[PDB]
Amino acid sequence: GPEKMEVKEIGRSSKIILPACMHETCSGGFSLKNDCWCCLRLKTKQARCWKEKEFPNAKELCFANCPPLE
């Protein structure tokens, strides 16, 4: 047979990502995880970001970041 091109892994949750401008993710139920979203602002890809060390707002938004429900 082939080289097995149909992995499975331990995917037992509702984890998913939300396309837009950056790379974000969210998962609540067992995995409990999420990928930050678009930073402060940029022109080409990098420029102005959010310092979660000084501003807690970025942190809350990062953990709150989740996919659409429509």
# chains A, B, ... in the order shown; residues from 1 in each chain; ligands from 1
call {"tool": "select_by_dssp", "arguments": {"residues": "chain A", "states": "alpha helix (DSSP H)", "output": "PyMOL selection string"}}
result
chain A and resi 56-64
call {"tool": "residues_around", "arguments": {"residues": "region 38-40 of chain A", "least_positions_apart": "4", "cutoff": "7 Å", "atoms": "only C-alpha atoms", "output": "VMD selection string"}}
result
chain A and resid 21 to 22 48 to 50
call {"tool": "residues_around", "arguments": {"residues": "region 27-30 of chain A", "least_positions_apart": "5", "cutoff": "12 Å", "atoms": "only C-alpha atoms", "output": "PyMOL selection string"}}
result
chain A and resi 10-18+35+63-67
call {"tool": "closest_residue", "arguments": {"among": "A:46, A:52, A:20, A:62", "to": "residue 33 (chain A)", "atoms": "only C-alpha atoms"}}
result
A:62
